[PDB]
Every structure is written in C-alpha cells, then in structure tokens.
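Each remark here refers to the structure printed beneath this line.
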Ligand SMILES: [Zn+2]
C-alpha cells in the first residue's frame, strides 16, 4: 500500500506529482492534499511514490492512508478562526477563516508566491488542522483571501473509502 517508510513525524509534507508540486496535511491518520495538483496520484511519500486511498473530486480533495509515516494533526472545529497557513516551505501567516471554504489572509502577497501553497493547512491557534488551502483569491496581483477544503469532508472518507461496490 505505497512505500510509507522512514519516520515522517511531519504535520505537512511537500510532494510532487506528474503535474506539479504542492502540499498535503496529515489529519486523523489521513494525508490530505489538493486534487488540483495530484490528478493520477503517484506523488512522493517519505522516499517513494505512494498511491491515494480516496478522492472527493466533487470537493477537489484526495486523502491517503497515513499511519506510521505522519504525525497527523487534530481536526477540532474551533469556535475561533485565527488559523495559520504554511507555504510549500514555511511562510507562517495568520488567516481568519471566513467560512469552511474561505480564509482571510492577514498578509496579502503575490499569488505567484502561493504557487504550491495549496494542499497545506490552516492550523487553529492550538495546532489543530481544520482547512487545507485549495485556491488563492488574487486581486491586482496578490491573494486577498484563501479558499480551502473542509476537514469535515475528510470524515466522510473515514466513514467509507468511496465504497463503489
Ligand atoms: Zn481546531
């Protein structure tokens, strides 16, 4: 079921697929990344291409089966929305969630800098992942608001991995 070797111990893992590179946040023992970047799965685990377990195309999301290769952050809805997002490498900025699919980036920046920041996570002020960046709202040439996938959508995969048959 994928390579999944070498201890990851990382809340967010940067990877690259046949189309591009972006981010994936481990949540509830499930690595979640952005569908508009993975496509035909086969990304890069700790050391080898891993296969995806589920894919919410209607929601543009894909969740793998992370186990001993992921720290997995805590979901928790959090009444407070002072979240924090990290870019492909770091960029720790505070974003106030404006909805389950929207967050207000307190620090506007050129959307080009957010290229690959999608698939990351908006962590509550306590270290709880509740939103994975899905799209940047760029006005003149900088994102003035971040759109992201809801963690509640990850729970549906946990209830049943697609279950087509
Ligand atoms: Zn939380």
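In our numbering, the protein residues as written are 581 to 745. C-beta atoms are modelled at their ideal positions from N, C-alpha and C, and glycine is treated no differently.
#1: Which of the three DSSP states, helix, strand or coil, is assigned to residue 694?
#2: Kindly indicate the opening and closing residues of the alpha helix (DSSP H) around residue 617.
#3: Could you check if residue 729 belongs to the surroundings of ligand 1, using beta carbon to heavy atom distance under 7 Å?
#4: Check whether the Cβ of residue 666 lies closer than 7 Å to any heavy atom of ligand 1, and answer yes or no.
#5: Taking the C-alpha atoms as reference points, what is the distance between residue 679 and residue 732?
#6: Could you check the C-alpha separation between residue 702 and residue 745 for me, to the nearest Å?
#7: With a CB to CB cut of under 8 Å and the five nearest residues on each side skipped, what residues in its chain are close to residue 585?
#8: Does ligand 1 have even one heavy atom less than 7 Å from the beta-carbon of residue 592?
#9: Please go through the same chain and pick out, in chain order, the residues whose beta-carbon is closer than 6 Å to the beta-carbon of residue 600, but skip the five residues on each side of it.
So, from the listed chains and residues:
#1: In the chain shown, residue 694 corresponds to position 114, counting from 1. Here residue 694 sits in helix by DSSP.
#2: Position 37 of the chain shown, counted from the start, is the residue given in the question as residue 617. Residues 615-618.
#3: As a first step, residue 729 is located in the chain shown; it is residue number 149 there, counting from the start. No; taking the cut-off as 7 Å, the Cβ of residue 729 has no heavy atom of ligand 1 nearer than that.
#4: Here the question's residue 666 lines up with position 86 in the chain shown. No, since every heavy atom of ligand 1 falls outside the 7 Å radius drawn around the Cβ of residue 666.
#5: Residue mapping note: residue 679 aligns to position 99 of the chain shown, counting from 1. Residue mapping note: residue 732 aligns to position 152 of the chain shown, counting from 1. Approximately 13 Å, taken between the alpha carbons.
#6: Here the question's residue 702 lines up with position 122 in the chain shown. Here the question's residue 745 lines up with position 165 in the chain shown. Cα-Cα distance, rounded: 34 Å.
#7: As a working mapping, residue 585 is identified with position 5 in the chain shown. The residues are 625, 626, 627, 628 and 649.
#8: Position 12 of the chain shown, counting from 1, holds the residue named residue 592. Checking the Cβ of residue 592 against ligand 1 gives no.
#9: Here the question's residue 600 lines up with position 20 in the chain shown. Taken in chain order, the residues that qualify are 617.
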